[PDB]
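This is structure_9.pdb (PDB, C-alpha atoms).
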```pdb
ATOM      1  CA  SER A  56     125.282 -28.950 -85.823
ATOM      2  CA  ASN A  57     128.893 -29.026 -86.997
ATOM      3  CA  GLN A  58     128.928 -32.431 -88.747
ATOM      4  CA  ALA A  59     127.637 -34.145 -91.886
ATOM      5  CA  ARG A  60     127.352 -37.851 -92.693
ATOM      6  CA  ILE A  61     127.391 -40.109 -95.763
ATOM      7  CA  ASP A  62     127.041 -43.894 -96.036
ATOM      8  CA  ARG A  63     129.166 -46.485 -97.841
ATOM      9  CA  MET A  64     128.648 -50.130 -98.782
ATOM     10  CA  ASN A  65     130.341 -53.041-100.551
ATOM     11  CA  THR A  66     129.429 -55.482-103.345
ATOM     12  CA  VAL A  67     129.069 -59.259-103.787
ATOM     13  CA  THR A  68     131.102 -62.079-105.351
ATOM     14  CA  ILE A  69     130.206 -64.872-107.778
ATOM     15  CA  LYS A  70     131.063 -68.529-107.127
ATOM     16  CA  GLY A  71     130.464 -71.947-108.652
ATOM     17  CA  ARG A  72     128.762 -75.124-107.525
ATOM     18  CA  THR A  73     128.297 -78.791-108.451
ATOM     19  CA  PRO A  74     125.578 -81.309-107.529
ATOM     20  CA  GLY A  75     125.431 -82.090-103.822
ATOM     21  CA  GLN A  76     127.291 -78.990-102.630
ATOM     22  CA  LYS A  77     125.879 -76.370-100.275
ATOM     23  CA  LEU A  78     125.586 -72.703-101.272
ATOM     24  CA  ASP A  79     127.994 -70.288 -99.611
ATOM     25  CA  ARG A  80     126.700 -66.976 -98.276
ATOM     26  CA  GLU A  81     128.713 -63.760 -97.978
ATOM     27  CA  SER A  82     128.151 -60.714 -95.759
ATOM     28  CA  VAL A  83     128.344 -57.159 -97.091
ATOM     29  CA  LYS A  84     130.236 -54.503 -95.124
ATOM     30  CA  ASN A  85     129.355 -50.939 -94.130
ATOM     31  CA  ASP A  86     131.116 -47.752 -93.035
ATOM     32  CA  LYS A  87     130.532 -43.996 -92.923
ATOM     33  CA  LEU A  88     132.112 -40.650 -93.806
ATOM     34  CA  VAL A  89     131.961 -37.608 -91.511
ATOM     35  CA  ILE A  90     133.176 -34.029 -92.033
ATOM     36  CA  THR A  91     133.513 -31.262 -89.433
ATOM     37  CA  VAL A  92     133.944 -27.471 -89.448
ATOM     38  CA  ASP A  93     136.136 -25.911 -86.756
ATOM     39  CA  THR A  94     138.089 -22.872 -88.017
ATOM     40  CA  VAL A  95     136.942 -19.310 -88.749
ATOM     41  CA  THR A  96     138.732 -17.062 -91.259
ATOM     42  CA  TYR A  97     138.667 -13.272 -91.009
ATOM     43  CA  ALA A  98     140.331  -9.964 -91.862
ATOM     44  CA  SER A  99     140.396  -6.903 -89.605
ATOM     45  CA  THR A 100     141.468  -3.257 -89.877
ATOM     46  CA  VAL A 101     141.516  -0.486 -87.258
ATOM     47  CA  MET A 102     141.950   3.292 -87.368
ATOM     48  CA  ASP A 103     142.240   6.161 -84.891
ATOM     49  CA  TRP A 104     139.929   9.164 -84.609
ATOM     50  CA  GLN A 105     142.826  11.630 -84.434
ATOM     51  CA  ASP A 106     144.122  10.364 -87.787
ATOM     52  CA  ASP A 107     140.599  10.174 -89.228
ATOM     53  CA  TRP A 108     139.946  13.853 -88.493
ATOM     54  CA  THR A 109     142.965  14.887 -90.616
TER      55      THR A 109
ATOM     56  CA  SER B   2     107.600  38.345 -19.507
ATOM     57  CA  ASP B   3     105.911  34.966 -19.935
ATOM     58  CA  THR B   4     102.641  33.768 -21.440
ATOM     59  CA  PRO B   5     100.431  30.830 -20.412
ATOM     60  CA  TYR B   6     100.294  27.628 -22.478
ATOM     61  CA  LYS B   7     104.095  27.765 -22.337
ATOM     62  CA  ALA B   8     104.559  24.345 -20.700
ATOM     63  CA  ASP B   9     101.765  22.700 -22.741
ATOM     64  CA  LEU B  10     102.701  23.637 -26.316
ATOM     65  CA  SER B  11     102.505  21.086 -29.121
ATOM     66  CA  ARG B  12     105.574  21.137 -31.393
ATOM     67  CA  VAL B  13     105.168  19.085 -34.557
ATOM     68  CA  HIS B  14     108.717  18.218 -35.681
ATOM     69  CA  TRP B  15     110.328  18.481 -32.232
ATOM     70  CA  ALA B  16     110.930  15.057 -30.689
ATOM     71  CA  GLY B  17     112.203  13.740 -27.371
ATOM     72  CA  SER B  18     110.840  13.750 -23.849
ATOM     73  CA  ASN B  19     110.605  17.564 -23.725
ATOM     74  CA  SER B  20     110.537  18.267 -27.491
ATOM     75  CA  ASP B  21     114.159  19.383 -27.817
ATOM     76  CA  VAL B  22     115.349  17.246 -30.761
ATOM     77  CA  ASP B  23     114.921  18.746 -34.226
ATOM     78  CA  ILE B  24     113.307  16.484 -36.839
ATOM     79  CA  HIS B  25     112.595  19.081 -39.521
ATOM     80  CA  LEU B  26     113.105  18.513 -43.247
ATOM     81  CA  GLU B  27     115.605  20.342 -45.443
ATOM     82  CA  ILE B  28     114.339  22.319 -48.450
ATOM     83  CA  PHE B  29     116.323  22.216 -51.705
ATOM     84  CA  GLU B  30     115.591  24.199 -54.877
ATOM     85  CA  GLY B  31     118.344  23.222 -57.301
ATOM     86  CA  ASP B  32     120.985  25.911 -56.836
ATOM     87  CA  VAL B  33     124.526  24.501 -56.875
ATOM     88  CA  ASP B  34     127.899  26.208 -56.424
ATOM     89  CA  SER B  35     130.889  24.761 -58.265
ATOM     90  CA  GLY B  36     133.126  27.630 -59.365
ATOM     91  CA  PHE B  37     133.372  30.983 -61.116
ATOM     92  CA  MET B  38     132.486  31.154 -64.800
ATOM     93  CA  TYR B  39     134.921  32.474 -67.406
ATOM     94  CA  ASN B  40     134.436  34.248 -70.745
ATOM     95  CA  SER B  41     137.240  34.191 -73.314
ATOM     96  CA  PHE B  42     138.215  37.437 -75.048
ATOM     97  CA  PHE B  43     140.752  36.167 -77.599
ATOM     98  CA  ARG B  44     138.177  33.806 -79.128
ATOM     99  CA  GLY B  45     135.848  36.602 -80.245
ATOM    100  CA  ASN B  46     137.997  38.105 -83.020
ATOM    101  CA  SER B  47     141.105  36.624 -84.641
ATOM    102  CA  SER B  48     142.410  34.930 -87.777
ATOM    103  CA  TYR B  49     140.817  31.504 -88.263
ATOM    104  CA  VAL B  50     141.668  28.719 -90.719
ATOM    105  CA  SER B  51     139.741  25.444 -91.018
ATOM    106  CA  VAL B  52     141.604  22.233 -91.891
ATOM    107  CA  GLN B  53     139.096  19.665 -90.588
ATOM    108  CA  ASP B  54     139.056  16.401 -92.541
ATOM    109  CA  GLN B  55     141.514  17.465 -95.265
TER     110      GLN B  55
END
```
Using structure tokens, write down the structure from this file.
Amino acid sequence: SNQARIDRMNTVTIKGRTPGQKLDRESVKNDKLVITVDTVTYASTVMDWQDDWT
Amino acid sequence: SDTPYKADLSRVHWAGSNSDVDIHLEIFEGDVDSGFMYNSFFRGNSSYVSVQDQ
């Protein structure tokens, strides 16, 4: 292929509570990283037979 | 001045109603004509210097 992938993720948070209160719940988040290759690099040189022979 | 069998001959590669059309094959043995050859007389003896590739 012409792609590569890596994963990312988040962290959690701490909270406080007192008697009778419900516990909150937090959702972690996700994403991704992708990299692509598109361009070719080169160097070229040409010569002529008439100049090569002399 | 005429022989019998003359009106009843079998002619292999002659076609048509009366065997008038020629159907024979041509024979080829390689020889080809393109033009007169030529032999150089200055090339035999002269002053020669070689510079190739220098």
What are the residues of chain A that have an atom within 8 Å of an atom of chain B, counting all atoms listed in the file, as a compact mmCIF listing (two decimals) with C-alpha atoms, in the frame of the given file?
```txt
# COMPACT_ATOMS: atom_id res chain seq x y z
CA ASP A 107 140.60 10.17 -89.23
CA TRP A 108 139.95 13.85 -88.49
CA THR A 109 142.96 14.89 -90.62
```
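Across the structure, CA of residue 9 in chain B and CA of residue 26 in chain B are spaced 23.8 Å apart.
Nearest residue to residue 62 in chain A among A:94, A:100, A:105, A:85 is A:85, counting only C-alpha atoms.
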Separation of CA of residue 2 in chain B from CA of residue 18 in chain B in Å | 25.2 Å
Where does the PyMOL selection byres ((chain A and resi 91) around 8) land in this file, that is, which residues does it pick, as a VMD selection string?
-> chain A and resid 57 to 59 89 to 90 92 to 93
Picked residues, the PyMOL selection byres ((chain B and resi 24) around 9), as a ChimeraX atom specification = /B:13-16,22-23,25-26
Supply range 15-37 of chain B as a JSON list (two decimals), in the coordinates of the input, with N, CA, C and O atoms built in where the input has gaps.
```json
[["chain", "number", "residue", "atom", "x", "y", "z"],
["B", 15, "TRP", "N", 109.40, 18.51, -33.35],
["B", 15, "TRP", "CA", 110.33, 18.48, -32.23],
["B", 15, "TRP", "C", 110.06, 17.23, -31.41],
["B", 15, "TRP", "O", 108.96, 17.05, -30.89],
["B", 16, "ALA", "N", 111.07, 16.37, -31.31],
["B", 16, "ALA", "CA", 110.93, 15.06, -30.69],
["B", 16, "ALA", "C", 111.64, 15.05, -29.34],
["B", 16, "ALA", "O", 112.22, 16.05, -28.91],
["B", 17, "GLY", "N", 111.60, 13.90, -28.68],
["B", 17, "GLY", "CA", 112.20, 13.74, -27.37],
["B", 17, "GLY", "C", 111.19, 13.81, -26.25],
["B", 17, "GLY", "O", 109.98, 13.97, -26.46],
["B", 18, "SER", "N", 111.70, 13.68, -25.02],
["B", 18, "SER", "CA", 110.84, 13.75, -23.85],
["B", 18, "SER", "C", 110.24, 15.14, -23.69],
["B", 18, "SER", "O", 109.05, 15.28, -23.38],
["B", 19, "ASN", "N", 111.04, 16.18, -23.90],
["B", 19, "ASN", "CA", 110.60, 17.56, -23.72],
["B", 19, "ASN", "C", 110.57, 18.33, -25.04],
["B", 19, "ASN", "O", 110.52, 19.57, -25.03],
["B", 20, "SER", "N", 110.60, 17.63, -26.18],
["B", 20, "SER", "CA", 110.54, 18.27, -27.49],
["B", 20, "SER", "C", 111.74, 19.18, -27.72],
["B", 20, "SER", "O", 111.60, 20.38, -27.99],
["B", 21, "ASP", "N", 112.94, 18.61, -27.60],
["B", 21, "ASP", "CA", 114.16, 19.38, -27.82],
["B", 21, "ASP", "C", 114.85, 19.01, -29.12],
["B", 21, "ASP", "O", 115.60, 19.82, -29.69],
["B", 22, "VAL", "N", 114.63, 17.79, -29.61],
["B", 22, "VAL", "CA", 115.35, 17.25, -30.76],
["B", 22, "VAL", "C", 114.67, 17.73, -32.03],
["B", 22, "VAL", "O", 113.44, 17.62, -32.17],
["B", 23, "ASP", "N", 115.46, 18.26, -32.96],
["B", 23, "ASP", "CA", 114.92, 18.75, -34.23],
["B", 23, "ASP", "C", 114.76, 17.59, -35.21],
["B", 23, "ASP", "O", 115.65, 16.74, -35.34],
["B", 24, "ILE", "N", 113.63, 17.56, -35.91],
["B", 24, "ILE", "CA", 113.31, 16.48, -36.84],
["B", 24, "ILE", "C", 112.85, 17.09, -38.16],
["B", 24, "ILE", "O", 112.28, 16.40, -39.02],
["B", 25, "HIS", "N", 113.12, 18.38, -38.36],
["B", 25, "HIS", "CA", 112.60, 19.08, -39.52],
["B", 25, "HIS", "C", 113.26, 18.59, -40.80],
["B", 25, "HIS", "O", 114.30, 17.92, -40.79],
["B", 26, "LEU", "N", 112.64, 18.93, -41.93],
["B", 26, "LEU", "CA", 113.10, 18.51, -43.25],
["B", 26, "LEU", "C", 113.83, 19.66, -43.93],
["B", 26, "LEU", "O", 113.45, 20.83, -43.77],
["B", 27, "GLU", "N", 114.87, 19.33, -44.69],
["B", 27, "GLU", "CA", 115.60, 20.34, -45.44],
["B", 27, "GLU", "C", 114.92, 20.62, -46.78],
["B", 27, "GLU", "O", 114.35, 19.72, -47.40],
["B", 28, "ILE", "N", 114.98, 21.87, -47.22],
["B", 28, "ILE", "CA", 114.34, 22.32, -48.45],
["B", 28, "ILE", "C", 115.42, 22.65, -49.46],
["B", 28, "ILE", "O", 116.32, 23.46, -49.18],
["B", 29, "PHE", "N", 115.34, 22.03, -50.64],
["B", 29, "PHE", "CA", 116.32, 22.22, -51.70],
["B", 29, "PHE", "C", 115.61, 22.66, -52.97],
["B", 29, "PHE", "O", 114.53, 22.14, -53.29],
["B", 30, "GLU", "N", 116.20, 23.62, -53.69],
["B", 30, "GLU", "CA", 115.59, 24.20, -54.88],
["B", 30, "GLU", "C", 116.57, 24.28, -56.05],
["B", 30, "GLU", "O", 116.44, 25.16, -56.90],
["B", 31, "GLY", "N", 117.55, 23.39, -56.10],
["B", 31, "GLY", "CA", 118.34, 23.22, -57.30],
["B", 31, "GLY", "C", 119.69, 23.92, -57.32],
["B", 31, "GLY", "O", 120.65, 23.40, -57.89],
["B", 32, "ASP", "N", 119.78, 25.11, -56.72],
["B", 32, "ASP", "CA", 120.98, 25.91, -56.84],
["B", 32, "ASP", "C", 122.21, 25.13, -56.36],
["B", 32, "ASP", "O", 122.19, 24.48, -55.31],
["B", 33, "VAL", "N", 123.28, 25.21, -57.14],
["B", 33, "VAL", "CA", 124.53, 24.50, -56.88],
["B", 33, "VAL", "C", 125.69, 25.45, -57.13],
["B", 33, "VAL", "O", 125.67, 26.21, -58.11],
["B", 34, "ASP", "N", 126.70, 25.40, -56.27],
["B", 34, "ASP", "CA", 127.90, 26.21, -56.42],
["B", 34, "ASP", "C", 129.10, 25.31, -56.72],
["B", 34, "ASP", "O", 129.41, 24.39, -55.96],
["B", 35, "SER", "N", 129.78, 25.60, -57.83],
["B", 35, "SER", "CA", 130.89, 24.76, -58.26],
["B", 35, "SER", "C", 132.14, 25.57, -58.57],
["B", 35, "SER", "O", 133.26, 25.07, -58.41],
["B", 36, "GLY", "N", 131.98, 26.82, -59.01],
["B", 36, "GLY", "CA", 133.13, 27.63, -59.36],
["B", 36, "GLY", "C", 132.79, 28.77, -60.31],
["B", 36, "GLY", "O", 131.77, 28.73, -61.01],
["B", 37, "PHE", "N", 133.64, 29.79, -60.33],
["B", 37, "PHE", "CA", 133.37, 30.98, -61.12],
["B", 37, "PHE", "C", 133.40, 30.67, -62.61],
["B", 37, "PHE", "O", 134.23, 29.88, -63.07]]
```
